[PDB]
């Protein structure tokens, strides 16, 4: 057949209400240290827009949710990233809490390639070191054979 395990998916998040099927239109998102209350600025962590060229621009919290339920900045849809896993709290436009998640971690595709590069390197180092160890061993075995023959 063929091995094909990458699924066509929608990576752009949408945020909807908790009790009705509606977007959190003009809602607010706060992002903080895991297992903390991110509405408290002391718990907040840096958030960045990732631009199309892959650069990052730090922005202020809260994140804003549009009528589609999507995060926007300056009238445009944006992808927001952090360095680490994080807590999140979502509020609706009336200031009522929609949701709270203590620990959220979704990696974008760059993390997968970084990890794959790291793994590749690691395995090469171990295998290279094993091969070098075997070469040291076979040289020793040869020295031993020579000694044995020397002494009868």
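Residue numbers count along the first chain shown, from 1.
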For this session: Would you mind comparing 43-51 and 116-124 for me and telling me which has the higher average C-alpha temperature factor in the entry?
Result: 116-124
Problem set entry | Average Cα temperature factor in the PDB entry - higher stretch of 82-90, 53-61 | 53-61
For this session: Would you mind ranking residue 27 by its C-alpha B-factor against the rest of the chain and naming the third, lowest, middle or highest?
Result: middle
Exercise. If you rank the chain by CA B-factor, which third does residue 20 end up in: lowest, middle or highest?
Worked result: highest
Problem set entry | Assigned third (lowest, middle, highest) for the C-alpha B factor of residue 35 | middle
For this session: Check where residue 97 lands among this chain's C-alpha B-factors and tell me if it's the lowest, middle or highest third.
Result: highest
Exercise. Is the Cα B-factor recorded for residue 111 in the lowest, middle or highest third of its chain?
Worked result: highest
